[PDB]
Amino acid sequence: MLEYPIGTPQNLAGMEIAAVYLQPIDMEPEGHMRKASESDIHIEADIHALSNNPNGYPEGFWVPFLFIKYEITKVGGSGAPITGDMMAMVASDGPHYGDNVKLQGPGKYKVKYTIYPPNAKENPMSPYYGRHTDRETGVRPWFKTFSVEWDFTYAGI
């Protein structure tokens, strides 16, 4: 299989944050993602733990229960920025955060992800995840919400 990079990964808060895209996908449950026929790409945030991750993740593990918002702006650029909220999902190459997106034609785009930890009140997965805090098995506090941004040139799949 082939995927396409959006810039190069950025390392922050003990995680590698990478942006990639591929053709639009189909997902179970149906009717949540924008229809593949009405989309240009499936954009993803690939987030994995670095070595000595402060929240207890072994190096390379997928970081679960995050909430990621995105804003894609065409440089530059008559249309409104493209925005959305990713969904966590599994594919044949493992779990990702992703969304089907309709772009605004070929050209240069700015991509910004805003990444919320699993204790953020804005993150609807926060009620379902915890963090040990006892001395023997506890980990460091969650990172604070942050953003990452890249530029990429979209030509079309």
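All residue numbers refer to positions in the sequence shown, first residue = 1.
Enquirer: Which wins on mean Cα temperature factor, 102-110 or 43-51?
Expert: Result: 102-110.
Enquirer: Can you tell me which stretch has the higher mean Cα B-factor, 148-156 or 1-9?
Expert: According to the PDB entry, the answer is 148-156.
Enquirer: Pull the Cα B-factor of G56 out of the PDB entry and bin it into the chain's lowest, middle or highest third.
Expert: Middle third.
Enquirer: Hey, what third does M86 fall into on Cα B-factor, ranked over its chain?
Expert: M86: CA B-factor falls in the lowest third of its chain.
Enquirer: Taking the C-alpha B-factors as the PDB entry records them, is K69 in the lowest, middle or highest third of its chain?
Expert: CA B-factor rank for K69: middle third.
Enquirer: Just say lowest, middle or highest third for the CA B-factor of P29 relative to the other modelled residues in its chain.
Expert: Answer is middle: the recorded C-alpha B-factor places it there.
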